[PDB]
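*Asks:* The following block contains the structure, expressed as structure tokens.
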Amino acid sequence: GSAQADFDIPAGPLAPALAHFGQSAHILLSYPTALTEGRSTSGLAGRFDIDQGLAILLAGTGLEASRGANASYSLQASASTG
């Protein structure tokens, strides 16, 4: 996690939020479907950092992402989607 860009994702499932985030964000996301098949989240849409964007997209939505140093993040879920 260390790629800043312009984001555009509404309060959508987490999986595709990241799948859509990393697209415009050039970010990489390591998450199971298992997790995603339950994660719905706020959306991200702005010119920011992996951190911020991720954190936006990941805004308090039952989730939490463990950043990396290769642009490849990994998710964590404390009471998924709240």
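Readers should treat all values here as calculations from the given coordinates under stated rules, not as data from a laboratory. Please note: Cβ atoms are built from the backbone with ideal geometry, for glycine as well, and neighbour counts cover all protein chains shown.
*Asks:* What residue among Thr61, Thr33, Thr41 has the largest mean-square fluctuation in a Gaussian network model of the chain, using Cα springs under 10 Å?
*Replies:* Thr33
*Asks:* Applying the Karplus parametrisation 6.51 cos²θ - 1.76 cosθ + 1.60 with θ = phi - 60° to the phi angles of segment 47-58, what ³J(HN,Hα) value in whole Hz is obtained for each residue in order, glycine and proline being reported as x?
*Replies:* In residue order, the calculated couplings are 8, 8, 8, 2, 3, 4, x, 3, 4, 6, 3, 8 Hz.
*Asks:* Taking the Cβ of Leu54 as the centre, find all other residues whose Cβ is under 15 Å away and add up their charges (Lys, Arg: +1; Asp, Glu: -1).
*Replies:* Neighbourhood net charge equals -2.
*Asks:* Pick from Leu18, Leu54, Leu35: which residue has the top mean-square fluctuation in a GNM of the chain where Cα pairs under 10 Å get a spring?
*Replies:* Of the options given, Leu35 has the highest mean-square fluctuation.
*Asks:* By its C-alpha gyration tensor, with a ≥ b ≥ c as the square roots of the eigenvalues, how is segment 3-77 shaped: rounded for a/c under 1.5, else prolate for a/b larger than b/c, else oblate?
*Replies:* Numbers: a/c = 1.62, a/b = 1.19, b/c = 1.37.
Cα axes put segment 3-77 in the oblate bin.
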